[PDB]
């Protein structure tokens, strides 16, 4: 349970983002990075680019995770995602910006110790596919806790549809228009899933604390995308706030 700080940085208003006919805010205009910032940074990392109306991570600028600068709570996110052959990325939700102080200097902690990830992956050609228990490291899974069933991912190079819903602590992941798992935050079963994971209280104290109390006191958090050194695209990014 170390000394941790949560950084509070400016969040944009949703008013600035148009809403579509079904009520979903469009938080990527297909042309610009308005509303987006690199986690732990004051600027869009340069390996993130706009390619053909997609946000794209240029594998091989500075890198790091990219977030949208609005804290969501009850919401339904929809995204399309394409990976290149062997690509790894992911979609983060309820994230917090965290720092610890070691040796009098502030250091950024990764977003994945504060919040869940919906993995993004070429399941056919990437070694993480093999590496969990029961596929919990293949695409759409809650990475290293809960597998996606069914695993209806398309082959690399194609656009996949992702849904992440969080409603009053209930979470559902969607892939290509099926719901593929469900869990419940801030419960003992949640506590348990964490004790089985790499975020176990013994294997990683500060992660367990943040994940068990996911979304802080106010249960709200940033959405974002993972830099994991590989080529990936996202587009049609929209989010409905829930009422």
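Positions refer to the first chain, counted from 1.
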{"property": "Unmodelled stretch of the deposited sequence separating residue 60 from residue 61, binned as none, 1 to 3, 4 to 9 or 10 or more", "result": "4 to 9"}
{"property": "201 to 209 or 173 to 181, whichever carries the higher mean Cα B-factor", "result": "201 to 209"}
{"property": "Which of 147 to 155 and 100 to 108 has higher mean CA B factor, as the PDB entry lists it", "result": "100 to 108"}
{"property": "Per the PDB entry, maximal CA B factor within 40, 35, 53, 45", "result": "53"}
{"property": "Third of the chain, ranked by Cα B-factor, where residue 120 sits", "result": "middle"}
{"property": "Lowest, middle or highest third - CA B-factor, residue 223", "result": "lowest"}
{"property": "Chain-relative CA temperature factor third for residue 71", "result": "middle"}
{"property": "Lowest, middle or highest third - CA B-factor, residue 113", "result": "highest"}
{"property": "Residue 241 - which third its CA temperature factor falls in, relative to the rest of the chain", "result": "middle"}
